[PDB]
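Student: show me how the following folds:
(6 chains, ligands or ions: 3)
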Amino acid sequence: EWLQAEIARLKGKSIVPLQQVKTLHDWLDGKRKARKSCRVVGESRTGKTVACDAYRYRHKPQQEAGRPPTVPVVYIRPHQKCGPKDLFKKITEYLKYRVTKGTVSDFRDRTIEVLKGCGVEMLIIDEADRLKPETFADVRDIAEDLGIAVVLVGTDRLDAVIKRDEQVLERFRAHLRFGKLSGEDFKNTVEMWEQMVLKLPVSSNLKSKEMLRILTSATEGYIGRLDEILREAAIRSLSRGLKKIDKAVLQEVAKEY
Amino acid sequence: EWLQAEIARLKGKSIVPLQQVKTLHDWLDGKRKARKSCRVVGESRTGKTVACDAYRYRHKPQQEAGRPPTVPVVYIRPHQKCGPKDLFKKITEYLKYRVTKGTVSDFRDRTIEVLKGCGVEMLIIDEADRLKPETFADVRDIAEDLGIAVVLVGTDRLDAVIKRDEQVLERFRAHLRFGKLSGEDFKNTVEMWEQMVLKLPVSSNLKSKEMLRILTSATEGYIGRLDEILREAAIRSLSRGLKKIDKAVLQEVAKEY
Amino acid sequence: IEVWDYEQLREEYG
Amino acid sequence: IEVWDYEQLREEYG
Amino acid sequence: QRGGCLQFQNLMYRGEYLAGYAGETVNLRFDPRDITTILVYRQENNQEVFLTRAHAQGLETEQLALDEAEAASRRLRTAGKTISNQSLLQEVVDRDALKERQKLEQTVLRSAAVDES
DNA sequence: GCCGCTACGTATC
Ligand SMILES: Nc1ncnc2c1ncn2[C@@H]1O[C@H](COP(=O)(O)OP(=O)(O)OP(=O)(O)O)[C@@H](O)[C@H]1O
Ligand SMILES: Nc1ncnc2c1ncn2[C@@H]1O[C@H](COP(=O)(O)OP(=O)(O)OP(=O)(O)O)[C@@H](O)[C@H]1O
Ligand SMILES: [Mg+2]
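Tutor: Residues are numbered from 1 along each chain as shown, chains lettered A, B, ... in the order given. Ligands and ions are numbered 1, 2, ... in the order given. Sure, the structure comes next:
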């Protein structure tokens, strides 16, 4: 069934090249050469994770012979109230080694051995504010001891936590910020959702002024709402049998907010 | 490749004879000859650890044929939530003995033996506030019993920790404070980086008034930002082919802070 | 331009 | 006046 | 300015013949209810002559009142961010979306002006 | 050295 093939396409996920993703990859390439710790900040629906995942899918692990994988960029995400053993455990697993029973000093000594030899240049920590306050001692230690850049990713709350310690606030100052879409940039992006993500049977013409007013009030410039509103509208449209989105069906979806 | 050689060099590190390092070494020789315990404090980017490594790397260990080494100065750095065993473990390893499994009193007895055997005059503890509150009993003991000047290095939180134990506070009372650069001293120091650290093919004239405004607002007087801003600007400007740093390219690096 | 399926990048990744 | 490479200081050490 | 530009209230404007008159002086007529557009007059033969309808570049779809551009400029100055047409709009749209008696009064006053249309 | 945007002083309803 032709309809079923397309409904399975819309509920999925994809990475679209955008100016914010492209800016971050240029900036992180500057930090990875310089070996310089930094952080990425911005509001919660701006797409900081997808922009970091696209950077983890560049710079793939280089496998050779029977040596350990050469991993330039390590990306981890901590669990809530992450302790010192939880951080090492995840670093060790991501590099594909098994963790066994021991004490804190052992996870630490072992983490430094697998970070050596195996070619790490950058460590990216998502949701950095799940870290317990003491673990930052181990994050700084690595960054200073090994030529490894550490990147902390998070929301404005992260900085509220960081300002609670000078020692950390100074290693990680440089900061790139993710913003919200506006003006021509929001309008141009709506065409990319239409012509590259949705690909509906005939064109909905979402760049038209009345569809932009509906979308602007709905999305407030967040790429994580634009991706959500338009899938919800396109699924409704197709499952009701429409070849495109229209004023009333998009207002039905946007009224859920 | 002349560019790639400078990118490999500039991401490195150096020690510069500055007034705030020459001052520390004259002071620590005083404490070592007099055997008096004391503390060094000041804000986190003033370069206290480089000033202490410049002390440890002077006063080199002396070797006598088949004797254990005579080691005038010991510098250790503790891990987070350091317990009595972890302090003793590190002092024993630094004097080049392997530590075998035992009870806390076995580590204590062996540490006292190697400190007295290697003729240690001074023990420098970096990031002193990683010590668990009880361990200071063992640090006071090393300093009471052996003729050792213990030096604690930390920032203004260390004082907030020392002030919670009368026995530590009244012993570690003598102190030197690391301060920020200003006026003529910041001005003169910028010239030392241009001519002794950066090695760019033409003078960037970083000490000029139009450039000191940029650098003053960026660095706040911290030597740890000055070295970071000026390495990042040199790495970046060479990857674009200029023989200098100039107003706009430095304002690009400073706009990240 | 190429636009990547996110689950495909996961399947292709080392 | 003399300036030091932090790795030369390491190489010269005991 | 060269490049056919005018600066007003931090806002930068572009006009249909205005690049012909870089370096010259112009009398700008504007509405405090809507400063997105500016009417440009110039002196000639010691009389005003109309020149063009300059528009705040990238805001042609958008409406700013003077007290909003002013409040956004004050906030933007104190926030330490850069000056631009959107940057000012960004410093409006959050304070818009997020109340203070003057804004509550302005909303009821607006509702009366709407009923005038 | 010259020029659009902010900031302080003074006056009146
Ligand atoms: N380039 C892109 N192409 C497609 N979808 C994207 C792109 N960038 C972001 N998105 C979408 O944005 C939505 C927001 O998720 P995402 O994790 O990127 O936001 P976020 O800022 O990381 O969230 P948080 O801050 O909570 O981690 C996702 O549904 C994601 O698919
Ligand atoms: N005397 C110096 N000569 C050359 N570079 C220096 C000097 N002092 C500091 N730096 C540079 O600035 C940085 C200062 O960091 P440093 O560790 O010395 O400060 P710190 O006071 O130890 O920080 P913290 O107190 O938070 O541990 C160093 O990484 C080094 O690159
Ligand atoms: Mg230090």
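
Student: mind checking the SS state of the residue of chain E found nearest chain A?
Tutor: In chain E, the residue that lies nearest chain A is residue E:58 (5.1 Å; C-beta to the nearest C-beta). Just so you know, the C-beta spots here come from the backbone N, C-alpha and C atoms, and that holds for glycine as well. Here residue E:58 is recorded as coil under DSSP: H, G, I helix; E, B strand; the rest coil.

Student: run a quick neighbour tally on residue 5.
Tutor: Using chain A. 8 (other C-beta atoms under 10 Å in any protein chain shown).

Student: oops, I was thinking of chain E
Tutor: Based on other C-beta under 10 Å, the number of other residues close to residue E:5 is 15.

Student: nearest spatial neighbour of it, skipping sequence neighbours?
Tutor: In this structure, residue E:5 finds its nearest non-sequential neighbour in residue E:12, 6.1 Å apart by C-beta to C-beta, 6 or more residues apart in numbering or on different chains.

Student: wasn't that neighbour part of a strand?
Tutor: Yes - under three-state DSSP, residue E:12 sits within a strand.

Student: residues contacting it?
Tutor: E:5-6, E:56-57, E:84-85 (C-beta atoms under 8 Å, 6 or more residues apart in numbering or on different chains).

Student: any idea how far chain B is from whichever residue of the stretch 51-200 of chain A sits closest to ligand 2?
Tutor: Proximity to ligand 2, evaluated over the stretch 51-200 of chain A using C-beta to the nearest ligand atom, is greatest for residue A:167 at 4.9 Å. Counting by C-beta to the nearest C-beta, to the nearest Å, the separation of residue A:167 from chain B is 5 Å.

Student: got the contact list for that residue?
Tutor: The contact partners of residue A:167, by C-beta under 8 Å, 6+ apart, come to A:136, A:140, B:44, B:155.

Student: quick one on the thing from earlier: farthest pair within the contacts of residue E:12?
Tutor: Greatest spatial distance among the contacts of residue E:12 (C-beta to C-beta): E:6 and E:84, at 14.7 Å.

Student: regarding the residue of the stretch 51-200 of chain A closest to ligand 2, what is its secondary structure?
Tutor: Recorded secondary structure, residue A:167: helix (three-state DSSP).

Student: farthest residue from the center of chain E?
Tutor: residue E:45 (29.1 Å; C-alpha atoms, centre = their mean).

Student: for residue E:24, which non-adjacent residue is spatially closest?
Tutor: Spatially, and ignoring its direct neighbours in sequence, residue E:24 is nearest to residue E:42 (6.7 Å; C-beta to C-beta, 6+ apart).

Student: helix/strand/coil for that neighbour?
Tutor: Per three-state DSSP, residue E:42 ends up strand.

Student: and it, what is it in contact with?
Tutor: Contacts of residue E:42 (C-beta under 8 Å, 6+ apart): E:21, E:24-27, E:48-49, E:51.

Student: try it again with 10 Å
Tutor: Counting by C-beta atoms under 10 Å, 6 or more residues apart in numbering or on different chains, residue E:42 makes contact with E:18, E:21, E:24-27, E:48-52.

Student: against residue B:115, how distant is residue A:209?
Tutor: Computed as C-beta to C-beta, to the nearest Å, the residue A:209 to residue B:115 distance reads 80 Å.

Student: quick one, which of the two is more surrounded?
Tutor: residue B:115 (22 against 8).

Student: mind checking how far the more buried one is from residue B:71?
Tutor: 9 Å.

Student: cool, residue A:252 as well?
Tutor: Counting by C-beta to C-beta - residue A:252 and residue B:71 are separated by 78 Å.

Student: who has more neighbours out of the two?
Tutor: Remark: of residue A:252 and residue B:71, residue B:71 carries more neighbours, 22 against 12, as counted by other C-beta under 10 Å.

Student: centroid residue for chain C?
Tutor: Central residue of chain C (C-alpha atoms, centre = their mean): residue C:9, at 2.2 Å.

Student: chain E too?
Tutor: residue E:35 (3.2 Å).

Student: next: chain A.
Tutor: Centre-nearest of chain A using C-alpha atoms, centre = their mean is residue A:49, 0.7 Å out.

Student: all strands for the chain, in order.
Tutor: Using chain A. A:14-15, A:38-42, A:73-76, A:122-125, A:149-154, A:175-178 (DSSP state E).

Student: that's the wrong chain, I wanted chain C
Tutor: Going by DSSP E, chain C shows strands at C:4-5.

Student: is any part of stretch A:96-106 close to chain B?
Tutor: Yes - using C-beta under 10 Å from any C-beta of the partner chain, we find that stretch A:96-106 touches chain B at A:104-105.

Student: hey, C-alpha coordinates of that stretch in PDB?
Tutor: Extracted C-alpha coordinates of stretch A:96-106, given in PDB (Å, rounded to 0.1, in the frame of the first residue of the first chain):
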ATOM      1  CA  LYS A  96      34.400  -0.900  24.000                       C
ATOM      2  CA  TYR A  97      36.100  -2.400  27.100                       C
ATOM      3  CA  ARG A  98      34.400  -4.400  29.900                       C
ATOM      4  CA  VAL A  99      34.200  -2.900  33.400                       C
ATOM      5  CA  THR A 100      34.800  -5.300  36.300                       C
ATOM      6  CA  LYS A 101      34.500  -5.100  40.100                       C
ATOM      7  CA  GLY A 102      37.100  -2.800  41.900                       C
ATOM      8  CA  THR A 103      37.300   0.500  43.800                       C
ATOM      9  CA  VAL A 104      37.300   4.200  42.700                       C
ATOM     10  CA  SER A 105      41.000   4.400  42.200                       C
ATOM     11  CA  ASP A 106      40.800   1.500  39.900                       C
END
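
Student: most proximal residue of chain E with respect to ligand 1?
Tutor: Of all residues in chain E, residue E:94 sits closest to ligand 1, at 17.2 Å by C-beta to the nearest ligand atom.
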